[PDB]
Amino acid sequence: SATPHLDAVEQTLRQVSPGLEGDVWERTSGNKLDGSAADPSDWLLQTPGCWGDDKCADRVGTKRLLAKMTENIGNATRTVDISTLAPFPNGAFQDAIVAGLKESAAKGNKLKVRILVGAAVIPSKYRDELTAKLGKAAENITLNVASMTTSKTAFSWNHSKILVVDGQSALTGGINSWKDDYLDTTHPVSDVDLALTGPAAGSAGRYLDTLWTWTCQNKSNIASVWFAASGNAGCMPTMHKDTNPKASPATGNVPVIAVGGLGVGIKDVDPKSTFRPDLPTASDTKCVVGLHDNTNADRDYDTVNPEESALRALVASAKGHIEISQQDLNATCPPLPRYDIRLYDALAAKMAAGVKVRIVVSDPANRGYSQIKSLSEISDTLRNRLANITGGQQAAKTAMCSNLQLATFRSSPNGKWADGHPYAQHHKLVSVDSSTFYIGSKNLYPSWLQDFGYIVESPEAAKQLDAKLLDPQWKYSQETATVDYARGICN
């Protein structure tokens, strides 16, 4: 096969969540990573994109991100579909949305627009702020704005960050539309989105229809949903299905698996699934006896959260090397378990077989864009899982030290930004074999939210990701490594 990694992930997803194929996960062909002619790698919407500079003077990443948001929205002829984590978009993120909507209206288009946020009077206020800023362009727009929480007890709400236009173009990734953390700051958060076009943008629209179908059903339950619309417009549960072609047009030759999760409180199980997993013998992940652990000890949760299995399968598909860039691998316990046991087992299995693993996380000095005190909380866990498969602790340490790079993130030679604040990173990135990668909103640390992302198999694109993000990251981050097989570092 030309696509061994997607083939493996797809086989796992059809066993885990067959009933959700099409809507919460979907494999498509014929996509394109949507870069410019001048800089074909700039489908990779990293921010701030100021490598080497502790003052972050020339934010080529941020500039491209905002321009691409505006460009995509400005090309809308039918629909604009946005999801994010509250607060609602502000600053130049909001400016980009308003500019794009005005541009589409001026080209003569009438648009349907949905903006959904997850949260713990705000929607009506955002709607009114937006309508005011649109001026006469607002007459051409049917707007739905909503904030939602799907489970209070399981801390579940939307965490996806998606911008889909006409079901044809999609931007998604880790970037929340928060000006103070990303933009108006001399210590900007480092993160990444991707831009694509093609059938996979349709997959995102079907995912958002899934969320809005739940949201509209629960729109009168104040504890769950706060909803606001323009004029006398109703809630639009199936805007994508109703407005865009079921199969989006092809734009390229890139194969993609879209995958998300429904968290807790939308759907309890995929009734079509006959998935029956081997539970790992925990470990020390559940800090307290009373916590219900959806990550490690809830088969039904897996079936409505295919993204967890997809990311573990992506790791399992690697033949040579795996790079992981995250805010964290571990969560704060309580209320979440500290780590995903199956994920750490999958990483251990790969290191035991000589596949190299790089993990870069956000500096614990951020703890907050960090949930650990020390990198030892990651290496100790990996070592302990390795011990189960290498015969003991000494052999585990040897395997780990021979095959691991573990570090905290920097983007320049300085240990912190020039303003004295630590670097914060927020990527949700996994790449394998310079071939296949995930960019999306799903953190690898335990989390029970609605999330979404893309797994792309394209060595060309993967090589661009290496040159533009992963290689510069390791250039500056390697100085903090506690383990680095390539330099014989083993602490």
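Residue numbers run from 1 along the displayed sequence. Rigid core here is just the name for the largest C-alpha set that superposes within 1.5 Å across the two forms.
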task: Figure out for me whether 121-129 or 384-392 is the more displaced stretch in 6 other deposited structures of this protein, taking RMS C-alpha distance from the shown form once the rigid core is superposed.
output: 121-129
statement: Top-deviation stretch by C-alpha RMS in 6 other deposited structures of this protein (rigid core reference), from 275-283, 375-383, is 275-283
query: According to the entry, are there none, 1 to 3, 4 to 9, or 10 or more residues of the deposited sequence without coordinates between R367 and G368?
result: 4 to 9
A120-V121 interval: deposited residues absent from the model: 4 to 9
field: Entry-level comparison of average CA B-factors, 128-136 and 162-170, reporting the higher stretch
entry: 128-136
Stretch with the greater mean C-alpha B-factor as recorded in the entry, comparing 455-463 against 53-61: 53-61
- prompt: When you compare the CA B-factors of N388, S325, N296, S379 as listed in the entry, which one comes out on top?
  reply: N388
- line: Scanning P188, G198, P255, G290 for peak Cα temperature factor in the entry gives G290
task: For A310, return the chain-relative third of its C-alpha B-factor as stated in the PDB record: lowest, middle or highest.
output: lowest
message: Splitting the chain's C-alpha B-factors into thirds, which one does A154 fall into?
response: highest
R206 CA temperature factor, ranked by third within the chain: lowest
message: By the recorded C-alpha temperature factor, relative to the other modelled residues in its chain, which third is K397 in?
response: highest
statement: The third of the chain into which the C-alpha temperature factor of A67 falls is the middle
